[PDB]
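Two forms, one chain: they're shown below as structure tokens, one block per form, named structure 1 and structure 2.
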Structure 1
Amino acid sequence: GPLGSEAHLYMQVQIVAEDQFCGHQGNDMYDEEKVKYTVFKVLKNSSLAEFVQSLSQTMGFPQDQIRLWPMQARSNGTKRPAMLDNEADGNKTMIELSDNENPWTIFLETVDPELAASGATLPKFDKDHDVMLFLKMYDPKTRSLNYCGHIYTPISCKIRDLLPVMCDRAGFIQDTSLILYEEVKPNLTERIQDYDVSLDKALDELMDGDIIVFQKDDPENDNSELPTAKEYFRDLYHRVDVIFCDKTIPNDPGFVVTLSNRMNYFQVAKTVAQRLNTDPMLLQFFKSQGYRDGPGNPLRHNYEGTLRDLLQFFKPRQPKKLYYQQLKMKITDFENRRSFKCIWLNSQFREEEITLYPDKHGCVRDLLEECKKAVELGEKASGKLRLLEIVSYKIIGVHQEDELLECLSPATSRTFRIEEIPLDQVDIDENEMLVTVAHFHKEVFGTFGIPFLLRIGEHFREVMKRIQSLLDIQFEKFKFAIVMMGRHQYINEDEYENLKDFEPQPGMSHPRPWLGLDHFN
């Protein structure tokens, strides 16, 4: 197998009965993915007569009680029943008549089963002089379409004389005043301005399978949200049901919101904000793909496209799904956040990588405030944070809170560290100053580990002991050096005791000298 050797000789013919036309709410006769067909697997090269008998027997109708009107497409995209001569074209074969359509859909007309009792012949129909029209009634109150069947009429017939049949089929008295529209194609519903005209003249390109939609001309209709059929169809054309799914909870079933093609961001957001009883500005939406399955990129609030634009990557088959996320601040604030990767130095003196999101137009104070939120600050401490700029495991700076985050280097050789200020280092005095410190192995530029700030000048060995307490090693080695411009002097850890050695000798302000700690790894 699997495909059998004769499978090619066969084509598929899809019969559709008039019952399938009933209660269709859209354009044309039926919806292609909802309609129930009676399907035949017929020999391609076989004739129409053969098929009409086969069909006649299968469906239980005499042949003089059925007429086949193939469903054919039009240039403008619609698909309507078209005339086919069941006796002139009967000699021909099925792919011929089909024009190689596979599958081929045919509308099967039969006789009003009541009158089918009598042995009712199906009315004669002249291919050149008559037309078969379909009737739909539009009801504003329920905003719905009610199928009213089809009629054979001469094309010479004046539209006025069609009115009684339309009433009779809708359920109306004969005094009932009507509005008549031609359903031409989606988004085109044309009012018949004048009913004292022949069909031939009144409608451009009069054709079998044409549709007249009609409604009551009752002043009540103005209370409907869609008073006329024209408004109904125009609404339909832009209607679109969209699944909104929270990007916070994966495998969210989401909820379906009916919207318009036409809507802008403000309108969409406004609509999905109700149904959540949340503010629209407290929602962030995301662009999409459709097959690739998003959520794509965050969609800006200043967005200026329509909803049709966001769903242009959907094929008509796929169900439309847009992702969203609930917010805690106004969307515009959230959008103006900046990603700030940096290092937090906990109370336990260890490093953690943390990303904070202060405001783009923020200053250092703000970044600090943000950090204080993500971290426990150690008990009985100081409660005050500072920001350091670090290069090569050396503190090359301490930033003031005033400073706009805008100014700080985007450079990635640079490393920003946020730390709690030890208690001693804020009620600091002349007799007192803060100095930069760093590890290094062998030569002074082989720096490593974690730099830090310290109290500097009337001793030493207890410095070594306090630095011991801070570092918490166990270190008997480790030489100690002051490091200034192109030079560094080691420190006698038994005898040495300092001053304000640590400052630019008058000849230039920075880089300030530092104290270095010489040992391995």
Structure 2
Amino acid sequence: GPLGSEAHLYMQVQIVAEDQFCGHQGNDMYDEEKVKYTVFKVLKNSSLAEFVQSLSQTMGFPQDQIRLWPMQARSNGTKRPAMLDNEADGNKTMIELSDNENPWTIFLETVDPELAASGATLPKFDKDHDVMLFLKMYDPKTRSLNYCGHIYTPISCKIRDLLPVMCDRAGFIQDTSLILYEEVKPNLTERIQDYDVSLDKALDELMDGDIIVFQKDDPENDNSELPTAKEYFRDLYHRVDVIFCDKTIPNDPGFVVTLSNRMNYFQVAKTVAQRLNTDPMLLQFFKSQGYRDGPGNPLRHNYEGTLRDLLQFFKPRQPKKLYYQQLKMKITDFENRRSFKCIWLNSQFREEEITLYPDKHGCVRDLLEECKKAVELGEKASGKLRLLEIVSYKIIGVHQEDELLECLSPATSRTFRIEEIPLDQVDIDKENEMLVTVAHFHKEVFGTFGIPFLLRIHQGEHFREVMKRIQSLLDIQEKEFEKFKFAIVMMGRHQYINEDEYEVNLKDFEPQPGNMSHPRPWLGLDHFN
């Protein structure tokens, strides 16, 4: 928000005490997110001495009873306590000591107040020949880390001489055999093979803030799933908390599972399926959008990536989510569904846009079955559905339900319609009653419009009964119907039909003998819109 006239003249100095180091199960000293600081807003030009006075007074210590160890970042990405000389550097501005860094974190080393009331004070530290080591103890049985404080020790000291300290600081019986590692960085824990060598030799690039992890040398450790601190830090390095969410469920808070970076699709699916009490194959997964919070690309069953690949574009700050949905069919069958866009015609003779997903290898029957599963039918009608093919607002065909879906191309002008068969068309008299294709058109017959339909035809019909049937279907205006011009269309020619003469019989609707292949005669209506 709003800055201030001289907000730029200040800097955050974050003091951390050793009590924050206890309980930390991860790498380095503490978790940046979980650590509690004592924060100081300090003038950049303030001297170190002024800040030491201020700190000592504020937190309740004598100035000669505290030592400052600035938390300093290393190339590997770690952050460890570094050396600061209270005397020598005391006159330097805080901003130059921090090296323009801000906020600037500092470790505060004090004497234990319960060991100081007994009279003890702050030990001396030789910058050139001493070093401050931090000690952790790994327990394989509980698979956990126990902070064992720090020590001042000469560089030339032998590893073997640090063992008694490690033992009695962890509550170990003395002369207990110990396995020693250096926690160099996340995913790098290096065992110390020779205890008879000095610290300098044993540890490459030996610095203040270095960490030695140690554990019992005990066969029982092989019963633990993480027998050594090495494997512990490894498993920890690849450990990740994933939030699984159902994309169907609105605002699903989802559930959190702790998993490994290395896991493949099979393992993840198995896990989620377990916590959901279902078959893994009945699960489809979605990678996150990841800038937005929401489901992204779906995963194929054969997806060859790992969990890390799926979560890699989340920030380390961000909650790592993974989407999914439960399926009614095994995911392979679900992947073999064909997106089929078509039109559903209802009881009200009104068009709706629908998209169905029959099996890609299925027949027309399966499509119609999907559409039947999707809709409601008339109060009473056939209960049987059919598939029409319409081009230029004209029905160019009916597809038999055994026909293959792969032979259909729902193109631009090509519209596939699904409709419930009317009762008087289900079973008709085949050599008597005939189903005719009907369409609208304004002026000439090329220009066409409206919803085309199939109409039943009797014998010597008395044509205005058939037209009151048509009218019974349409129902727009009440004898604006009157302006309807009725025509018979064949190969582009059209003959208008006299309404009161009643000329009807099938013979005027079939093509030449043995003819299917080229377009059949159809009924035409004129009235525009």
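Superpose the two forms; the largest set of C-alphas matching within 1.5 Å is the rigid core. Residue numbering: structure 1 sequence, from 1.
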Inset, instruction - Examine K34 after superposing the rigid core and state whether its CA is displaced by 2 Å or more between structure 1 and structure 2. - result: no
Legend entry - Exceeds or equals 2 Å, Cα of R292 between structure 1 and structure 2, core fit: no
Inset, instruction - Report the hinge rotation between structure 1 and structure 2 as a whole number of degrees, treating the chain as two rigid parts and superposing on C-alpha atoms. - result: 14
Inset, instruction - Could you tell me how many Å the Cα atom of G209 shifts between structure 1 and structure 2 when the rigid core is held superposed? - result: 0.2
Inset, instruction - Mind pulling the C-alpha shift for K380 between structure 1 and structure 2, with the rigid core superposed, in Å? - result: 8.6
Inset, instruction - Give the C-alpha shift of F266 between structure 1 and structure 2, in Å, after superposing the two forms on their rigid core. - result: 1.0
